[PDB]
Amino acid sequence: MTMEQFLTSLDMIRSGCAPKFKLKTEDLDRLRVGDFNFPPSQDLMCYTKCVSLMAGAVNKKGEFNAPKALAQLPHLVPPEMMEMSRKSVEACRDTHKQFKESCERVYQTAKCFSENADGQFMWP
């Protein structure tokens, strides 16, 4: 997809996931720009799970599958964000193993993506 289509997809993904949770605009907008530097609510952590389920990158137990994640990236991000996305997925392939609840597992994985992103990281 193109950069324009990707930026638009972020809003489409949030539009589908946000209604399921009680969330604050100011928390979602920090996630959007890669700022995972604040205390998440339980709702916000499960929100990241909802999003990652949509990508087919995690199971219901919040176990991240880097091979599958990598296989999904070709139709999820534009050419320009491929190397960054591959690098973050690879760096964070085992993050979920350090945590014990499915929502926490995915949230910490996404936080790790943002910490290992060499450029502008973005979350729906």
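What you see of chain A is 30-153, where the numbers are those given in Swiss-Prot.
Quick reminder: no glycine exception, Cβ is built from N, Cα and C everywhere.
Here Swiss-Prot annotates a disulfide bond for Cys141; of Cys121, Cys132, the partner residue is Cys121.
Here Swiss-Prot annotates a disulfide bond for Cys132; of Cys75, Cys79, the partner residue is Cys75. Of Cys46, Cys75, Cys79, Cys132, all annotated as disulfide-bonded residues, the residue with the shortest Cα distance to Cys121 (disulfide bond) is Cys132.
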